[PDB]
Each structure stands twice: as structure tokens, then as C-alpha cells.
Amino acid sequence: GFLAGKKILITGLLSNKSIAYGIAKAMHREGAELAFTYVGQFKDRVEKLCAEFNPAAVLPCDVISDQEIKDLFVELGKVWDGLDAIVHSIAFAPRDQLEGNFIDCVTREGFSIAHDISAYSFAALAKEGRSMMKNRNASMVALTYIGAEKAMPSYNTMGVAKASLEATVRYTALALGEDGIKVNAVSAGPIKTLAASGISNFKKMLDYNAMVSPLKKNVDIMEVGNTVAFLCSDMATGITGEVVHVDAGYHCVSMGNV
């Protein structure tokens, strides 16, 4: 596999349907040694889910806490000498932030919380993981949505946070490039997941994409997963600060619905 022997940490595995699950499948297939994080009381769920992937570790990390992030790389640094990649696949905003009108529903705290978890957490992982990733063609890949680029209904504060994430990807790439670390993001098309079912009429947003995009379809977690895998390989060492759209071509059209 093109990830043979590489040591990669995966965040945000929560379900059979999670994008992280797809990323894991791809990376396992390609021969990576994987470690997974989990939040609070999902310990048992995640341990069972990712068992099939032979993880070198399944450790607690709520990216709300600087302490846990620091402890993550302590515990991880015990079982691994160095680390080849980090996969950021974490997003949250309080539910009141995703209902209807952006200016109506937006709040100072919901804005803060969404950025803290969905954007800042990335540079945090980069901050603490940096020394384990020095000079070994290491890699970081964040997950983002086109809601960062264009104003959309319902996405609201999450869209603003995603924009924050993407700039952070860029500034993390400038910061970590001197250590040979590459930093990139995959902008996924909508996928039916646990985070996804946190918004109202998803089945049709998902059908709109299918109708209006060039390949007339939705992307699966393997399409996204396989792309993340590539971006953590020696093949992608010319690529950093980049956003690769995996959305069946949605990003490149306008009015494609005649």
C-alpha cells in the first residue's frame, strides 16, 4: 500500500457512516498503522468500531481542552516514536446556530464555540503534534465544506467557522513547511452522516447536489477517504495549503440546473 508503515492519527470517528470511517478503511487498505481519538462517553462505541483497523491506540481527546490535546501526544508518543499524519475530521456548533436566518440565530458564544472546535482545534493538534512530525514527510489533512466559500442556507456559523478552518490550514502550512510537513484540506460534498442529520432537509440538499453537479451524483466516504489517504502519501509531497474538492464537481458549476 502507498501508506505502508506510516503512523497516522484519526480524529472524529463516531459511526459506521462517519467520513473518518471511510478515511480509516482507505488508510488500512494502504498499510498504515492507525490511532483513533474519541470524546467522553463514546469510548466503547469507537473501540468496537475501529477494532477491525488494528489500532495502535484508542485515546480520549475532547479538543475543547488544551490539556487533553497535550496528553494525547504524550500517550501516543509512548507507543510511537514519530508520527506521519494527523487527520482532522471534527466540527461542532450549538444547534441554535443552524436554524434559518444567519443574523437572527448567530450569537457571540455560538460563534466562539464553533471556531474553537471546528477551526482552532486544528492548529492545536498541529501545535502539539509538531515535534513527533518533524522531518519525515509528515502530513495534516482537515475536512471542510463549500459553506466556507459561499453563503448558504442553514450552514450559518458553521460556514464562517469552516472559512476560519481553511485559513488555519493555510497558515499551518506556512508554519510547518520548514519541518517538511504538508497541510491540506478536503472539501467534501454532502454525505449522510451523524453530523449531517443535525440539519433539517438534508435528503434534498443531498439530492440537489446529485442533480446539479457534473457527475450527477453524491460522493461516498470512500471517495473522500481515498483522497485523504493520497494527501498523506509520499506521492503528494508537492501539495500543501490546498483545498481539494471531493463533491462530484459541484464547486465548479453555477445554474447547472437549467
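Definition used throughout: the rigid core is the maximal C-alpha set that superposes within 1.5 Å between two forms. Residues carry their position along the shown sequence, with the first being 1.
Greater C-alpha displacement in 4 other deposited structures of this protein (rigid core superposition, RMS over structures and residues), of 107-115 versus 94-102: 94-102. Where the structures in 4 other deposited structures of this protein are fitted on the rigid core, 193-201 is the one of 193-201 and 56-64 whose C-alphas sit farther from the shown form on average. When the two stretches 143-151 and 97-105 are set side by side, the higher mean Cα temperature factor goes to 97-105. Higher mean CA temperature factor, per the PDB entry, when comparing 195-203 with 23-31: 195-203.
The PDB entry assigns the greatest CA B-factor among 231, 64, 46, 221 to 46. Sorting 55, 225, 190, 214 by the CA temperature factor given in the entry leaves 190 at the top.
When all modelled residues of the chain are sorted by CA temperature factor, residue 78 is found within the highest third. Residue 5 sits in the middle third of its chain by CA B factor, as recorded in the PDB entry.
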